Every structure is written in structure tokens, then in C-alpha cells.
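A short write-up of the structure that comes next.
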Amino acid sequence: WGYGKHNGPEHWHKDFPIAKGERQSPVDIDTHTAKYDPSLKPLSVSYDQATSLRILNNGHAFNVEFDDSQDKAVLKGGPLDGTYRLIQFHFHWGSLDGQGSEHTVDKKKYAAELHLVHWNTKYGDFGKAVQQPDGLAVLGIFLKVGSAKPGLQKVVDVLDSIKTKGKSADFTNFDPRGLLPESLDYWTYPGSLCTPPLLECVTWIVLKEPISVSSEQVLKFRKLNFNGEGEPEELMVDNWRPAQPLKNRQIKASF
Ligand SMILES: [Zn+2]
């Protein structure tokens with residue numbers, strides 16, 4: 001599986017049948033159909049103690065991994081019950097500024113999308129979490145092209161170092177707080193992982209407010225390779241999955 005013409009999202013169902021299930025992700029967020037739910041508590045983002053470890057090119061995206069052996073970077077509140085630990089974050093972007101996000105708002109596409117992945121600490125580890133309906137909580141943040149994001153620059157500069165699939169670089173003392181928008185208003189719905197195995201274990205929390213990044217920040221993203229070193233160069237772009245059918249599910253807003 002990949003994002004190519006022969007291994008793309010349109011093909012995943014062949015190896016991953018769940019691909020055509022009932023609670024697949026990403027989806028189009030219809031703002032006029034979303035239900036304001038007064039019973040939704042505010043989100044609680046505690047990342048003051050975050051411990052980043054490294055960044056790696058997995059051939060489909062770049063992942064920034066965190067030490068999740070203790071409650072150091074956690075998420076709670078909102079529609080969540082219990083504590084969820086930050087394990088990693090990655091992005092999805094396009095070849096152009098007009099595409100790249102997974103989730104869409106009123107059919108509008110953003111330049112990129114950030115996914116913060118967290119797993120429910122009653123399950124003991126990530127692996128057992130993906131087997132539960134309330135196993136993971138992914139925080140989704142949209143990216144628009146405008147003014148640079150100071151907090152993203154540490155990431156940008158390291159990209160050179162993990163150009164091809166399989167490369168990794170030590171990446172400590174990175175503070176994820178530098179990626180958050182001013183407002184914490186969100187949308188939430190039950191969904192799945194954004195890539196194979198496509199497990200339907202995710203509570204999606206998508207922030208209404210996007211962060212801005214400069215054109216040269218995103219450009220650096222697009223310089224990445226899906227291919228491993230010593231192979232034909234295939235630029236890592238359009239690594240995003242198209243919107244899936246809501247299929248009954250209801251999207252709730254905190255505003
Ligand atoms: Zn993702």
C-alpha cells in the first residue's frame with residue numbers, strides 16, 4: 001500500500017477489507033449538520049512534560065515519536081473518558097496548496113493536516129489500544145499557507161536528514177505546544193486510523209481553528225521521498241486519503 005496509482009487508497013480494500021467499513025476516516029465536516037453538544041467538556045492538553053525522542057521517514061510520512069512510558073504528555077476532557085498519552089504525530093500534505101488535508105470543512109481542503117496520536121492508558125500499551133473502540137484519540141489540526149510557524153521550524157530543519165525511507169534522526173526537547181492554535185474549539189466523531197490497518201478504534205477531535213505556515217515551510221515537506229536510498233526518486237506528496245462516507249454517524253461540535 002502507498003498513495004500511488006497502483007497502490008493507492010482506492011486499492012487498500014484488497015488487503016484491508018475494513019477499508020469499506022462503517023466508521024472510516026477522514027470525512028467531510030458539514031458545519032450546518034454538525035450538532036452543537038452543550039454536554040461536551042473543554043479539551044485538556046497537558047504537554048508541558050513532553051519528551052520527544054526522534055523523527056523518522058517510514059516511506060509514507062515522517063513521524064516524531066515521544067516517550068509514552070509515563071503520563072508526560074496527555075490529553076483528556078472533551079468527549080474522552082480517561083487519559084490518553086501522546087505517542088507520535090505526523091502530517092499529510094499535498095503537491096499543491098489547494099490539497100493535502102484528510103478532513104475537509106464544507107468540502108474545503110487545507111494545505112496539510114497534523115495528527116497527534118494518543119492511546120488510552122486503561123489498555124496498557126498502544127498495541128492493545130488499537131483493538132478497542134475507544135482505544136485511540138487523534139487530535140487533528142489543519143494547516144493553511146500564510147505566515148511562518150516558529151514552532152514548526154525545528155521540524156523543518158531536520159527534514160534534510162531523513163530524506164528517504166528508513167532514515168531516522170535523534171529529535172529531543174521538541175515542544176508540541178508550539179503547534180497548537182489559539183482556540184481549542186473542536187468537532188468530534190468516532191472513526192478509524194488514517195492508514196492501513198485502518199482499525200476503527202479512534203475518537204477524532206478536529207480543531208476548528210487552523211495554524212498558518214509559510215510557503216517555504218511546506219515546500220520543505222514536499223522535498224521528502226517515499227523511496228528508500230539508492231532507488232528511483234519518488235517525491236513524498238499527496239500522502240492523504242480521500243473523504244469517506246459518514247454512514248449514519250453524527251458529528252458533534254463544542255461550539
Ligand atoms: Zn494521519
Side-chain angles (χ1 to χ4, degrees), residues 1-4 7-13 15-16 18-19 21 23-29 45 47 52 54-66 68 73 75 80 84-95 99-105 109-120 126-127 129-130 135-144 152 155 159 162 165 171 174 176 179-181 186-208 210-211 213 218 221-222 224 226 236-244 251:
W1 72 266
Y3 295 92
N7 62 3
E10 64 283 350
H11 292 265
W12 298 349
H13 71 101
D15 283 301
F16 307 102
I18 191 152
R23 61 182 271 198
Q24 288 287 299
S25 294
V27 297
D28 176 56
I29 293 157
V45 173
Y47 294 154
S52 70
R54 50 113 88 145
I55 189 154
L56 74 164
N57 180 336
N58 68 20
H60 39 273
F62 63 90
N63 283 201
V64 174
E65 310 156 351
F66 291 80
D68 71 337
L75 208 206
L80 308 178
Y84 293 65
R85 307 171 168 168
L86 176 69
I87 188 168
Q88 59 105 331
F89 69 73
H90 56 265
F91 312 70
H92 300 267
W93 56 92
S95 50
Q99 60 185 55
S101 70
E102 295 219 308
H103 292 88
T104 56
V105 175
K109 285 166 183 49
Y110 284 92
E113 187 168 329
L114 172 52
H115 289 150
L116 299 145
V117 186
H118 315 76
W119 61 268
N120 190 339
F126 181 83
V130 298
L136 299 182
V138 191
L139 229 187
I141 306 165
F142 301 115
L143 272 61
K144 58 153 179 150
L152 172 71
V155 166
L159 295 186
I162 63 148
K165 172 181 176 64
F171 193 74
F174 175 79
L179 301 175
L180 291 179
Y186 64 93
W187 292 287
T188 184
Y189 75 92
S192 75
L193 300 180
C194 50
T195 72
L198 300 160
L199 296 189
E200 301 188 326
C201 63
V202 180
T203 294
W204 280 88
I205 302 151
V206 188
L207 305 195
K208 157 175 53 169
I211 63 178
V213 298
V218 63
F221 281 34
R222 291 173 189 153
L224 262 41
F226 284 113
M236 179 181 293
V237 299
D238 288 318
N239 58 343
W240 53 262
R241 178 179 199 204
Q244 310 301 301
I251 295 180

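All residue numbers refer to positions in the sequence shown, counting from 1. As a basis for the values below, the full set of heavy atoms in this structure was taken, side chains included, without hydrogen atoms, waters or symmetry mates. Atoms within each ligand, like the ligands themselves, are counted from 1 in listed order.
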### Query
Between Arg54 and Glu65, is a salt bridge (charged side-chain N to carboxylate O under 4.0 Å, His left out) present by the stated rule, with each step listed?
CA-CA 6 Å; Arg54 50 113 88 145; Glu65 310 156 351; 2.8 Å; yes
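In this structure, the side chains of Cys194 and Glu102 come closer than 4.5 Å at one or more pairs of heavy atoms.
Here the closest non-hydrogen pair linking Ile141 and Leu207 is CG1-CD1, 3.9 Å.
Side-chain contact, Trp204 with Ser25: a donor N or O sits under 3.5 Å from an acceptor N or O. In this structure, a donor-acceptor pair under 3.5 Å is absent between the side chains of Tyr110 and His92.
One N or O on the side chain of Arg85 and one on the backbone of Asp68 form a donor-acceptor pair closer than 3.5 Å.
Inside a sphere of radius 2.8 Å centred on the Zn ion (ligand 1), the protein N/O/S atoms present are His90 NE2, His92 NE2, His115 ND1, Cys194 SG.
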